[PDB]
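S.K.: Structure below; questions to follow.
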Amino acid sequence: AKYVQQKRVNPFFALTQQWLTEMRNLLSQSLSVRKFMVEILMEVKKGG
RNA sequence: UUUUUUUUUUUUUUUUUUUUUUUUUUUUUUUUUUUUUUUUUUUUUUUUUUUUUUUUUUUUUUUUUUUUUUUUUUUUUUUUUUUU
């Protein structure tokens with residue numbers, strides 16, 4: 001809701017909660033995916 | 001100026017004491033007797049954008065005064081007399 005009000009995300013492409021639950025289940029089970037997105041977070045955090 | 005006083009008269013050898021007499025080996029005790037592993041817990045469950053205001057409105061030259069007028073020479077005293 002916060003990003004929709006900021007107009008950063010177009011709400012037309014909104015995935016259903018059925019798909020989000022399936023993806024979240026995959027994200028929790030697998031550590032390899034988590035490590036990749038954590039690595040992205042650290043690199044993006046570094047400014048410059 | 002000066003006028004006194006300003007030698008000396010005692011005492012001053014010595015007489016005691018001053019070796020020594022005790023004690024001074026030893027007699028205990030002196031190994032040891034316990035205990036000495038362990039038994040819990042130890043992931044997580046919230047929140048985390050924003051909503052106001054934010055130019056200015058006055059005043060801000062000057063008006064006075066600002067020369068001077070007195071006084072301003074002088075009039076005393078100023079050797080010495082003792083003692084030593």
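Ligands are numbered from 1 in the order shown, chains are lettered A, B, ... in the order of the structure tokens, and residues start at 1 in each chain.
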DSSP on the backbone, then: every residue of chain A marked helix (DSSP H, G or I), written as a VMD selection string.
M.R.: chain A and resid 2 to 5 17 to 29 31 to 45
S.K.: Taking C-alpha atoms for each residue, export the selection above as a PDB file, in the first residue's frame.
M.R.:
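Output file out-v9.pdb follows:
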ATOM      1  CA  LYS A   2       2.841   2.409   0.800  1.00  0.00           C
ATOM      2  CA  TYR A   3       4.483   2.019  -2.609  1.00  0.00           C
ATOM      3  CA  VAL A   4       1.137   2.281  -4.414  1.00  0.00           C
ATOM      4  CA  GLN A   5       0.449   5.623  -2.722  1.00  0.00           C
ATOM      5  CA  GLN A  17      -2.115 -13.819  -2.752  1.00  0.00           C
ATOM      6  CA  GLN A  18      -2.294 -17.447  -3.904  1.00  0.00           C
ATOM      7  CA  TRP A  19       0.852 -16.933  -5.983  1.00  0.00           C
ATOM      8  CA  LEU A  20       2.567 -14.908  -3.253  1.00  0.00           C
ATOM      9  CA  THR A  21       2.049 -17.732  -0.753  1.00  0.00           C
ATOM     10  CA  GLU A  22       3.559 -20.216  -3.214  1.00  0.00           C
ATOM     11  CA  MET A  23       6.575 -17.986  -3.841  1.00  0.00           C
ATOM     12  CA  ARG A  24       7.054 -17.224  -0.137  1.00  0.00           C
ATOM     13  CA  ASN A  25       7.028 -20.958   0.591  1.00  0.00           C
ATOM     14  CA  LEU A  26       9.765 -21.428  -2.011  1.00  0.00           C
ATOM     15  CA  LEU A  27      11.703 -18.461  -0.617  1.00  0.00           C
ATOM     16  CA  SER A  28      11.597 -19.824   2.937  1.00  0.00           C
ATOM     17  CA  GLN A  29      12.597 -23.380   1.990  1.00  0.00           C
ATOM     18  CA  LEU A  31      18.718 -20.710   1.318  1.00  0.00           C
ATOM     19  CA  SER A  32      20.399 -20.212  -2.070  1.00  0.00           C
ATOM     20  CA  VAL A  33      17.735 -17.722  -3.175  1.00  0.00           C
ATOM     21  CA  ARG A  34      17.935 -15.896   0.160  1.00  0.00           C
ATOM     22  CA  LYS A  35      21.719 -15.559  -0.085  1.00  0.00           C
ATOM     23  CA  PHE A  36      21.434 -14.013  -3.557  1.00  0.00           C
ATOM     24  CA  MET A  37      18.897 -11.386  -2.497  1.00  0.00           C
ATOM     25  CA  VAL A  38      20.860 -10.621   0.673  1.00  0.00           C
ATOM     26  CA  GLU A  39      23.976 -10.142  -1.467  1.00  0.00           C
ATOM     27  CA  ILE A  40      22.019  -7.734  -3.672  1.00  0.00           C
ATOM     28  CA  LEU A  41      20.908  -5.831  -0.566  1.00  0.00           C
ATOM     29  CA  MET A  42      24.473  -5.363   0.690  1.00  0.00           C
ATOM     30  CA  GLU A  43      25.802  -4.240  -2.701  1.00  0.00           C
ATOM     31  CA  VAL A  44      22.869  -1.873  -3.261  1.00  0.00           C
ATOM     32  CA  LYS A  45      23.302  -0.512   0.277  1.00  0.00           C
TER      33      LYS A  45
END
S.K.: If you count only C-alpha atoms (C1' of nucleotides), which residues fall within 10 Å of residue A:1, apart from same-chain ones fewer than 6 positions away, as JSON, numbers by chain?
M.R.: {"A": [7, 9, 11]}
S.K.: Restricting the output to C-alpha atoms, write the selected residues as a compact mmCIF listing (two decimals), in the first residue's frame.
M.R.:
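Dumped to result16.txt:
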# COMPACT_ATOMS: atom_id res chain seq x y z
CA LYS A 7 3.15 5.74 -7.31
CA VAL A 9 4.59 0.67 -8.54
CA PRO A 11 -1.02 -1.51 -9.27
S.K.: Atom CA of residue A:13 and atom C1' of residue B:49 are how many Å apart?
M.R.: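 Taking atom CA of residue A:13 as the start and atom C1' of residue B:49 as the end point, the length is 21.1 Å.
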